[PDB]
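Chain residues, written in single-letter form:
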Amino acid sequence: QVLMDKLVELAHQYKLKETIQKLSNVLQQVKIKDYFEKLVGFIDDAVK
């Protein structure tokens, strides 16, 4: 029990959820609409 409690404390010290949410926030700052528009334009050019 002491060992698993120490393991739980050690795992929670890193706070992986904060890293995940920071990564998600950074990923949400990218320009996906521009890339989608470029892909749509390129596929339209190919079809034409």
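Definitions and cut-offs
Residues numbered from 1 in each chain as written, not as in the entry; some residues may be left out. Part of a larger assembly, values for the part shown. Heavy atoms only, no water. Helix = DSSP H or I, 4+ residues; strand = E, 2+ residues; numbered from the N terminus. Buried < 20%, exposed > 50% of the residue type's maximum accessible area, 1.4 Å probe, protein only. Areas by Shrake-Rupley, 256 points an atom, 1.4 Å probe, with all protein chains shown as cover. Expected span 1.5 Å × (residues − 1).

The record names cryo-EM as the way this model was obtained, at a resolution of 9 Å.

A.B. asks: Could you give me a rundown of the overall build of the protein, with the residues and numbers involved?
C.D. replies: Helix and strand content of the protein: three helices and zero strands. Its helices and strands taken in sequence order, the protein reads α-α-α from the N to the C terminus. Projecting the C-alpha coordinates of the protein onto the three principal axes gives extents of approximately 70 × 20 × 5 Å. Counting only residues that meet the buried cut, the protein has 0% of its 48 residues in that class. Carbon and sulfur atoms provide 66% of the accessible area of the protein, an area that totals close to 5,200 Å².

A.B. asks: Break down helix α3 (residues 32-47) for me, citing the residues and quoting the values.
C.D. replies: For α3, built from 16 residues, the straight-helix expectation of 22 Å at 1.5 Å per residue is met to within 8% by its first-to-last C-alpha distance of 22 Å. Of all 16 residues in α3, zero are buried; the element is thus mostly exposed.

A.B. asks: Can you explain unusual backbone geometry? Please cite residues and give values.
C.D. replies: A positive phi angle, close to 60°, is found at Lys15, a residue other than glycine. Relative accessible area serves as the criterion here: at 47%, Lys15 is assigned to the partly exposed category.

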